[PDB]
Structures are given as C-alpha cells and as structure tokens.
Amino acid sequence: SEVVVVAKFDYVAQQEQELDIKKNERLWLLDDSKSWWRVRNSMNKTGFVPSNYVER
C-alpha cells in the first residue's frame, strides 16, 4: 500500500539507487508491504530483492 512517511534522520545516499533525505522530510513509501535486500549474484550483478525471498 502507498503511504506517506517522515524521515526520522538525514540520510546521504551511498549509491545511485539510494535517495538523499533530510530529517522531517515527507516521502511517498510506494509499497509498505515490501522491504528489500541488496544482493549480488555469481555473475557479479547487483540489485534489490524482497527480503522474504532469501534466507541464511
């Protein structure tokens, strides 16, 4: 579900896929049912997948 969220802290993005935000900024959370991990595969391609799709 799409909901509005508020930044608790500043965040300086470390990669182009990330977003710079400031404390108290309001953002659209596009899908509150989705959390993501950044993973890298055996072919050295990197990207995001849903957290519940992988496990230790």
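Note that the rigid core is defined as the largest set of C-alphas that superpose within 1.5 Å between two forms. Position 1 is the first residue in the sequence shown; the rest follow in order.
Take 42 to 50 and 8 to 16, fit the other structures onto the shown form by the rigid core, and average the C-alpha distances in 7 other deposited structures of this protein: the farther stretch is 42 to 50.
Between 33 to 41 and 18 to 26, the larger mean CA deviation from the shown form in 7 other deposited structures of this protein, after core superposition, belongs to 33 to 41.
In this crystal structure, the stretch out of 28 to 36 and 12 to 20 whose C-alpha atoms carry the higher mean B factor is 28 to 36. Sorting the modelled residues of the chain by their CA temperature factor places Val49 in the lowest third.
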